[PDB]
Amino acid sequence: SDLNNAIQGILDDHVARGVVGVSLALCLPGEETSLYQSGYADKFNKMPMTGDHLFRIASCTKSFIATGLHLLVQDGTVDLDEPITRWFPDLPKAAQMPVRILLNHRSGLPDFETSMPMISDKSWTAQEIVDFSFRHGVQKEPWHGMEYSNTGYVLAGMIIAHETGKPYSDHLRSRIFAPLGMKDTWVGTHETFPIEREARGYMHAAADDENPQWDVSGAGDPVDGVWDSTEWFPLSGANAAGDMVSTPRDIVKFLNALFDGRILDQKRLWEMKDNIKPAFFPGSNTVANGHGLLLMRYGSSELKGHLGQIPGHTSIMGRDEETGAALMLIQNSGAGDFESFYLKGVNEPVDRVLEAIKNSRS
């Protein structure tokens, strides 16, 4: 179709901007998921990008951890409004923290991501990340305002583990991945994944990487304007804040089924997507968030989903509610600065695709 050719052109023009490669999955209403890739999975081997190339989905992981949590609310074991002291009695200010503030980025919890070395071979415990957060981060009061929290999702994961007796990966697999047919999806912290199948991740030495968001010391020297950051960071360091590996095809499987009532009941879905407050993420299109989903505005279209940044892989997923379209676009180009073209610029092809969808619908 004309749409098919318009979309492949958007991806081609984006990789021509300097982006190593991009993988997209797009489901439109009354249609099968159609996949589009451009550029390379492996810059130096010139391997073409396919729809079978795995990516680290980074904070997109967060939409699954919320779902898993919401599933345990349906199970009757967890209450969104009850204090987390039940699970974390010694956590400062815990009594002011209902289960929902873990998910909604209003908890005031101190964060770990900006202090955590991105290059290491160190494995992390959930608790180890939490002690790290309080040691290096800044704690604000609950409900102070919106400030993106990874720590809240790490704590969310620990609730899941305690309530189900097994690692949070077991719950997400048995309740989400398995019944949906998601066969190319792993939870990094607790599961091994086929490294050989992953698209390589590229950090660009770019002029606009003026204010790196990560401690990337130990990177060594670049080669042909990039570092291969694929295996820089152990996923156990991100934990429930961003440890999942997947394909855009598998993610669209999840999204269609979530927005289609087939995972979460109508009340848990409403919490996730409709019970919202204003939200900010530096260099993104985020305007609001629920309890697991960021609302990201692209001109006259909006996606409910998530952004993901982990060194070298850069992802945007969501559903457009006005049009029914689901999409996961991931590039294997990244940088550190939020405002870098290599991070913030992933939003441009996403915008253009939603414009092409809209125009083909008129």
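In this text, residue numbers run from 1 along the sequence as written.
Task: Stretch with the greater mean C-alpha B-factor as recorded in the entry, comparing 279 to 287 against 86 to 94 - done: Between 86 to 94 and 279 to 287, it is 86 to 94 that shows the higher mean C-alpha B-factor.
- [ ] Using the B-factors recorded in the PDB entry, average over the C-alpha atoms of 199 to 207 and of 126 to 134, then report which stretch comes out higher.
- [x] Per the deposited B-factors, the answer is 126 to 134.
- [ ] Have a look at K273, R100, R106, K183 and flag the one whose Cα has the highest B-factor in the entry.
- [x] Largest recorded C-alpha B-factor: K183.
- [ ] Using the entry's values, work out which of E163, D243, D111, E147 has the largest Cα B factor.
- [x] If I rank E163, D243, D111, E147 by C-alpha B-factor, first place goes to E163.
TODO: Going by the recorded CA B-factors, say which third of the chain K46 sits in, lowest, middle or highest.
DONE: CA B-factor rank for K46: highest third.
Task: Among modelled residues of the same chain, the CA temperature factor third for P142 - done: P142: CA B-factor falls in the middle third of its chain.
Open item on the list: Taking only the Cα B-factors deposited for this chain, tell me whether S63 sits in the lowest, middle or highest third.
Closed with: According to the entry, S63 has a C-alpha B-factor in the chain's lowest third.
Task: Third of the chain's Cα B-factor distribution that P194 belongs to, per the entry - done: For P194, the deposited C-alpha B-factor lands in the middle third.
Open item on the list: Among the modelled residues of this chain, does the Cα B factor of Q74 put it in the lowest, middle or highest third?
Closed with: For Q74, the deposited C-alpha B-factor lands in the highest third.
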